[PDB]
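Read the structure below first, then the notes.
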Amino acid sequence: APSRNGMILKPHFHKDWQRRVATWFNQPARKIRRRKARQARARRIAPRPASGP
Amino acid sequence: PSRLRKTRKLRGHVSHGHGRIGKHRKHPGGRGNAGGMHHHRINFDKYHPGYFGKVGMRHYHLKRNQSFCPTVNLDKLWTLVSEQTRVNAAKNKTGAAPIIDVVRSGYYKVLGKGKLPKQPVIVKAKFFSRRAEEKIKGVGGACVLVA
Amino acid sequence: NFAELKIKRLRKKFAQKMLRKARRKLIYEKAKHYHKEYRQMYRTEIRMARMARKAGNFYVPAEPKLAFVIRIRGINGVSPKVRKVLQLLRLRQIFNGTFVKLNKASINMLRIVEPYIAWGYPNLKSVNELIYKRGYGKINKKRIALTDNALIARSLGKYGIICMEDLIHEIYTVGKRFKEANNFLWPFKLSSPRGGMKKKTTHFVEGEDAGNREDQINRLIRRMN
Amino acid sequence: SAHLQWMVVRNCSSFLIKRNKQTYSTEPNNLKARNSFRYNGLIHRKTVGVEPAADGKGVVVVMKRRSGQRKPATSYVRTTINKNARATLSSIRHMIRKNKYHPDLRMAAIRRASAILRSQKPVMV
Amino acid sequence: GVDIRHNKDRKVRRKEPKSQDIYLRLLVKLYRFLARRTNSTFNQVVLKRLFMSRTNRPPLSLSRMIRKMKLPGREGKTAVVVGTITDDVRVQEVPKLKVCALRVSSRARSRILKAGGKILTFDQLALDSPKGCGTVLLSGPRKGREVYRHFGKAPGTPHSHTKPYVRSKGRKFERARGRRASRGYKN
Amino acid sequence: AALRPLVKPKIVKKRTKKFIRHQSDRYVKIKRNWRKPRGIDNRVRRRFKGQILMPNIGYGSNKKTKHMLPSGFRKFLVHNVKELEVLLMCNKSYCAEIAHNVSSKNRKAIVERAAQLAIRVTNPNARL
RNA sequence: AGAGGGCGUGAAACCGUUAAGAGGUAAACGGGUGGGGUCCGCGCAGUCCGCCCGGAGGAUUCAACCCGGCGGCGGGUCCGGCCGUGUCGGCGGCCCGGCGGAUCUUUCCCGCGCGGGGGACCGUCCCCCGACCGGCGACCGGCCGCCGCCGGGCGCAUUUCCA
RNA sequence: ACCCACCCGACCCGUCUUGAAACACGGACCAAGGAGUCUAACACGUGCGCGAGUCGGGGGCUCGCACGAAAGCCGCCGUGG
RNA sequence: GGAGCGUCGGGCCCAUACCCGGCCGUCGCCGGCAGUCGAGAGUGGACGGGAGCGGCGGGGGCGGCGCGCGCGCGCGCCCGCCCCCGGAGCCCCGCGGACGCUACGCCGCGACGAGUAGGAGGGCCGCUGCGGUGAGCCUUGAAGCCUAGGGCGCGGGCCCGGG
Ligand SMILES: [Mg+2]
Ligand SMILES: [Mg+2]
Ligand SMILES: [Mg+2]
Ligand SMILES: [Mg+2]
Ligand SMILES: [Mg+2]
Ligand SMILES: [Mg+2]
Ligand SMILES: [Mg+2]
Ligand SMILES: [Mg+2]
Ligand SMILES: [Mg+2]
Ligand SMILES: [Mg+2]
Ligand SMILES: [Mg+2]
Ligand SMILES: [Mg+2]
Ligand SMILES: [Mg+2]
Ligand SMILES: [Mg+2]
Ligand SMILES: [Mg+2]
Ligand SMILES: [Mg+2]
Ligand SMILES: [Mg+2]
Ligand SMILES: [Mg+2]
Ligand SMILES: [Mg+2]
Ligand SMILES: [Mg+2]
Ligand SMILES: [Mg+2]
Ligand SMILES: [Mg+2]
């Protein structure tokens, strides 16, 4: 029940959302992995720009 | 910080701050915005005048970038450029007037709030107000349309 | 530098001591006058009646100016109109009392609080005994006991009231400056009535203690003060 | 400043010791062991400190220079006084009073020295 | 038993600042002293303001500080502001001012000093004038905060112009039954 | 001939018995430790005649003699020797308690040091 | 083994005993005293210490005073020099001072009208000396005054100690 | 603070209730366990930083992470909010 | 011949009410104290000429704004001084300032104090883990456990002794 003034607000937590929460504890581990993989690809394409084409 | 919160101070007391005549039952009003019309109506129509009902035209595939038109007021037009354009001017003695490309700085329209200092300009912009035009002319300048 | 200043400070010191002496002497003469004034008032009321009585006549003396008003019942279950007036007489606690100048307005306010108060026309002695034994100033809103005239003067001296004696004369004669001398006095916290009362709840006339008892408020004063 | 760093320190210093409804302070050159502004060795530009002598006989006064704090190595300047009690006090008195140095302290500095000279003598039965 | 209501016996005003920061607290120590020992009520007002909240000491714009000193007679003075001095990009020519502030933003600082302005801290103001003599005590607009536009007689209460808390403005966020005449009614 | 405190006034206590907890007598599960009752009817919590008393700030100690031991001192729980030297400049007003957990060798080391400085110890003749 | 093979510590409920005390209004409780126990602090005078003083006894060395040395403080003449704030003079760092700029110039250079770099210009940051002023806890050097320590001298109407 | 005595006082708590010592319910006793949490969104208050701006994400550059899945920096500093 | 009923006296009895006093807390005081004169405060101080027992010859006011501890004064000798706290000796001291001053401290005056539901503040109350920090404690005995032992705190609780 609403009590005296406030946004009549609609949250979208009626489905079973806690079954599909996606945490981000990866992200540092991820960020590194990309970065290694990046440095490897440079080293493979030896004098070619790391960039791409 | 649980340490600071209220339930630490309620420990010992029976009702936990929810009273003992009426209690803390689950959902006595109904869940959420239930009763907007019936039984919660007064709150809705004294803090949300106009919740209920349709109005105006539908618009199916709205794409916001078509209507993109960020405005800027004369108020702070000279802010767009380095002070030393506004200084090398009120000086110079050619009656030059420096250009101000407003679209470069990220505003499309030029509306007309504020006093513009007596110091000629050439304002390039996608759109202008009527008043913004007038003020600009009164300074001794020239509005300039750009695509 | 040194001996010039010292003498200047000694001079200052003396000029104070002189003034103190002076104001003391004023106080002393002011009393002496008020002694003569109350004497003259007392006799010249008797003077009058005797002279009426000499003729086949009557001397109806003045209706009283001033009355002491004691709150004689407690602070539970008391009507809102009464309660308001009782806190317009500053009679909040039970057995608090105040002087009150009489007039059509004032008297009727006492009429609206009758079964909550005992009151009437205080003696000279009553005004003294109340002021000397239980005379407390309102001095920066702190109930403070009138230990010296430096207190009374500091507050009421802008009215010509510079000592306990002056105060007593302002209260008792109900002078111009009564409102300001009477409000200066913090309401009199008197003890319980020694020897007891007759009956709290009923009027004086009908055996009890409440209401106007005119002369007899002085007996009650002595057994409470 | 003095005051600024007292704001930083007043409740947090390692030298402080609350407990048992009192408070105290263990920082050196605090005569009276108080967690006070006045009586704090570390904070003030000019400081007094009356410790006992390591010998076991006598007292050391510990002035602080003003020359250069920033350089704690050089900052304090110690001075043993190992004299006939009554003398010891007077030397401390003059150090404090006639140098106009920390005049606020001084009587506390005398009582400390006194208590220290009490400490170091044949004890009891 | 006595009849008084003990209801509004405790006054709710602040005494110290609620902040724990040490530099402000030194200013408070200084202005407590001055407040009590000087007759100047300037010190009292200043002291009072040092205890107030961020909200309660709003920023004073440069243009607002200009125009308040432009006023006739308060010339060769010092403006004082327990809040912060901010820039106005929509003012150009800045006269040479004298200013006290707890803060001045980096732009506002430049503009003032470029003009030949002097900026003072509050410890500096005290030494300069311990009884607040020859000062202009200003304040920022208290009721600037967008907050206040929701305060008052509620929306949907005839003759109120009180912003409702709404998730997002647009065609279909409110503006139906209770604003149009066409839809029920209007207030 | 023990260490006299500086000033040995008359301590005067408002209440000597422990406030005990309602129905701590009747039940082994309830402990003496005071608890305010919050029961809707409760003889005690509504101050009837003849019941167990409720602690107020009314019973409070006089500030001069609050925490004052019978001897006249206040405790200060010393933990090692270095911690004593604090009391050096009080001694006439504070005494030293030594902690339970301190060893019987260095209990001794504290006690003799306090005896130099004339700080009274509140549990000296003990560990041995 | 007061760790004995479901055995570290071993709470409470509950039970056994041992000791003490009580006992016809179920017990238990609050307030107030009394009596008894348990221990705890004493005293085999607790007359508790500390200043200062006066006296009578013993005790070593110095305070006071200078002299030599060291260290510290404080001071102004800012005296001499280092130090730094505001201002003015050098246009002097300006290219031997860099960044920033929608200020300018493509008279320049290089790379392809644009990019990069110079070159002007403005804003900002640094050298030179003189002058005025806040002479600022930012330091040195001499001089002064004062303090303290060490070492010399001072032998006893001073000097501490002890009872 | 252990026990005993005596005078005065004194019904059993919890709870719902206008009203509980109740012939209203729960409760033989003790131990351990045991109930206003976290996420999201809003609003107001307060504290701090910056201020016509502010912002940090997401991404990236710096390390084998001992402490690091931190810390730092970014014409990304602002795509964008 | 009331210990009954109606009318009335004196006298005495006691509530957490009233009065006085103690002590605790809360509220209030534009409260006080970062080191100064001063109690109806109603000035202080240069400094220059002219002078001196002169003064400011104003109300039965009973009086506050002016008067009798000095203004000039004792000493050096009509003329000079009327001097400095590193010393006036102090009830006020403006030359420097607590035993006191964790300024979230310390101190002073008044007033007040029922409380369910509910709200807020403070807890040197309590539990477990983390960064700091205690040259912490601990086999010369930690945690826990038990205790007719000693205490503190209004209380949450806490500290010591013994086992
Ligand atoms: Mg890529
Ligand atoms: Mg609630
Ligand atoms: Mg309930
Ligand atoms: Mg409800
Ligand atoms: Mg009644
Ligand atoms: Mg009635
Ligand atoms: Mg209340
Ligand atoms: Mg009830
Ligand atoms: Mg074992
Ligand atoms: Mg076992
Ligand atoms: Mg084991
Ligand atoms: Mg038996
Ligand atoms: Mg029900
Ligand atoms: Mg019912
Ligand atoms: Mg019940
Ligand atoms: Mg029944
Ligand atoms: Mg039921
Ligand atoms: Mg049952
Ligand atoms: Mg449990
Ligand atoms: Mg906010
Ligand atoms: Mg209450
Ligand atoms: Mg409650």
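Where a number appears in this text, it was derived from the coordinates with a stated rule and is not lab data. Note that each Cβ is placed from the backbone with ideal geometry, even for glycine, and that neighbours are counted across all protein chains shown.
Residues that are closer than 15 Å to D:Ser114 by Cβ and not β-branched (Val, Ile, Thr) occur in the stretch D:32-47; there is at least one. Counting only residues that are more than 9 Å from RNA strand G (Cβ to nearest atom) and among the polar types (S, T, N, Q), which one in the stretch F:25-56 is nearest to D:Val123 (Cα to Cα)? Step by step, filter the stretch F:25-56, then rank; the result is F:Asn33. Considering only residues in the stretch D:92-125 that are of a type in the set (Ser, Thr, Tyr) and within 11 Å of chain F (Cβ to nearest Cβ), the one that is farthest from RNA strand G (Cβ to nearest atom) turns out to be D:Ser119.
Can you find a residue in the stretch F:40-49 that is under 29 Å from F:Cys95 (Cα atoms), of a type in the set (A, V, I, L, M) and within 14 Å of another protein chain (Cβ to nearest Cβ)? Within the stretch F:40-49 (the criterion being under 29 Å from F:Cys95 (Cα atoms), of a type in the set (A, V, I, L, M) and within 14 Å of another protein chain (Cβ to nearest Cβ)), the answer is no, since none of the residues qualifies.
Of the numbered criteria (1) away from chain D (no Cβ under 14 Å); (2) more than 19 Å from E:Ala101 (Cβ to Cβ); (3) free of Cβ contacts under 8 Å to residues at least 12 places away in the same chain, the one E:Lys15 fails is (3).
Here E:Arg36 does not fit the description of being charged (D, E, K, R) and part of a loop (DSSP other than H, G, I, E, B). Scanning the stretch B:46-84 for residues being among the β-branched types (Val, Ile, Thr) and either within 16 Å of RNA strand I (Cβ to nearest atom) or more than 13 Å from chain E (Cβ to nearest Cβ) (or both) gives a total of 1.
Among the residues of the stretch E:62-87, those identified as of a type outside the set (A, V, I, L, M) and either crowded, with 18+ Cβ neighbours inside 10 Å or under 14 Å from the mean Cα position of the chain (by Cα) (or both) are E:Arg64, E:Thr78, E:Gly83, E:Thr84, E:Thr86, E:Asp87.
In the condition set (1) farther than 30 Å from E:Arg37 by Cβ; (2) in a loop (DSSP other than H, G, I, E, B), E:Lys131 is compliant with all but (1).
For the stretch F:43-61, check the following and say yes or no: at least one residue is within 16 Å of the chain's Cα centre (by Cα) and either under 20 Å from D:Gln22 (Cβ atoms) or of a type in the set (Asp, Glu) (or both). Among the residues of the stretch F:43-61, at least one is within 16 Å of the chain's Cα centre (by Cα) and either under 20 Å from D:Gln22 (Cβ atoms) or of a type in the set (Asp, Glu) (or both), which makes the answer yes. The condition of being more than 19 Å from C:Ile27 (Cβ to Cβ) and polar (S, T, N, Q) holds for only one of C:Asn128, C:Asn140, that being C:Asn140. Residues that are aromatic (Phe, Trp, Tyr) and touching a helix residue (DSSP H, G or I) at 6+ places or on another chain (Cβ under 7 Å) were ranked within the stretch C:9-56; the one that is farthest from C:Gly160 (Cα to Cα) is C:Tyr38.
Being closer than 22 Å to E:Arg180 by Cβ and either loosely packed, with under 10 Cβ neighbours inside 10 Å or within 16 Å of ligand 2 (Cβ to nearest atom) (or both) is the filter here; which residues of the stretch B:43-71 pass it? Result: B:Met57, B:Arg58, B:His59. Looking only at residues in the stretch B:1-17 that are within 14 Å of chain F (Cβ to nearest Cβ) and of a type outside the set (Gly, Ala, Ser), the one that is farthest from ligand 15 (Cβ to nearest atom) is B:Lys9.
Does F:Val111 satisfy the criteria of being assigned to a loop (DSSP other than H, G, I, E, B) and either surrounded by 12 or more Cβ atoms within 10 Å (Cβ to Cβ) or within 14 Å of another protein chain (Cβ to nearest Cβ) (or both)? The answer is no for F:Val111.
When the stretch C:200-223 is filtered for residues that are among the charged types (D, E, K, R), within 16 Å of C:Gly97 (Cβ to Cβ) and in contact (Cβ under 8 Å) with a residue 40 or more places away in the chain, the ones remaining, listed by number, are C:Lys200, C:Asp209, C:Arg213, C:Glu214, C:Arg222. Here B:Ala96 passes the criteria (1) of a type in the set (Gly, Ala, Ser); (2) at positive phi; (3) away from every other protein chain (no Cβ under 13 Å) except the one numbered (2). From the residues in the stretch F:72-107 that are more than 12 Å from chain D (Cβ to nearest Cβ) and surrounded by 15 or more Cβ atoms within 10 Å (Cβ to Cβ), which one is farthest from ligand 2 (Cβ to nearest atom)? The extreme case among them is F:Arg107.
Every condition in (1) facing another protein chain (nearest Cβ under 8 Å); (2) under 40 Å from the mean Cα position of the chain (by Cα); (3) more than 30 Å from E:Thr162 (Cα to Cα) is met by B:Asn43 except one, and the failing one is (3).
All conditions in (1) surrounded by 13 or more Cβ atoms within 10 Å (Cβ to Cβ); (2) more than 20 Å from the chain's Cα centre (by Cα) hold for C:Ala31, with the sole exception of (2).
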